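Here's the structure, in structure tokens; my notes come after.
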Amino acid sequence: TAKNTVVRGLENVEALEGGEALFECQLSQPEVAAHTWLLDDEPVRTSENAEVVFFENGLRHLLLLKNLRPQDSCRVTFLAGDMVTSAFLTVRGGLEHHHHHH
């Protein structure tokens, strides 16, 4: 509660099937009071196939995904204090259907 001002918000991301995704957001706020990150309607943590990591004490929020299936095409929303950044998710596919863990 001293200074919070986003310099760069999220941006469009393009990755082919079976690729990874990287969302780098740079904001001025070396403090953590309340931060919520919800992309698809699922908490963004889980495991290797998805998980948040960041350095510089949260000054550089980086989210890495993997094995991106066409399905992933969802919404990326990050709400950090009076600053909100949001960007689209786009990933190509191949098979029209799949019977492996729907």
- If you put +1 on each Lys and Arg Cβ and -1 on each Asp and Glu Cβ, how big is the dipole of the chain around its Cα centre, in Debye rounded to 20? 180 debye
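Let's test the formula: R0 of 22 Å, r as the Cβ-Cβ distance of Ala33 and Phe88. What FRET efficiency results, to the nearest 0.05? Let's see the in-between values first.
Values: r = 28 Å, r/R0 = 1.27.
So the FRET efficiency works out to roughly 0.20.
Could you tell me what % of all Cα pairs in the chain have separations over 18 Å? Before the final figure, lay out each step's value.
Numbers: 2489 of 5151 pairs.
Value for the chain (Cα pairs over 18 Å): 48 percent.
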- Exposure rule at most 11 other beta-carbon atoms within 10 Å, DSSP loop trypsin sites (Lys or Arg not before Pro): the chain longest free segment: 46-102
- Once amide hydrogens are built 1.01 Å from N within the peptide plane, the residues lying 5 or more places from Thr90 or on another chain with amide H under 5 Å from its amide H are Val13, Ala15
- With the chain treated as a Gaussian network of Cα nodes joined by springs under 10 Å, which of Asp82, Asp72, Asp40 yields the largest mean-square fluctuation? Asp82
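Laboratory data are not the source of any read-out in this text; all were calculated from the coordinates shown. Cβ atoms come from the backbone with ideal geometry, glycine included; neighbour counts cover every protein chain shown.
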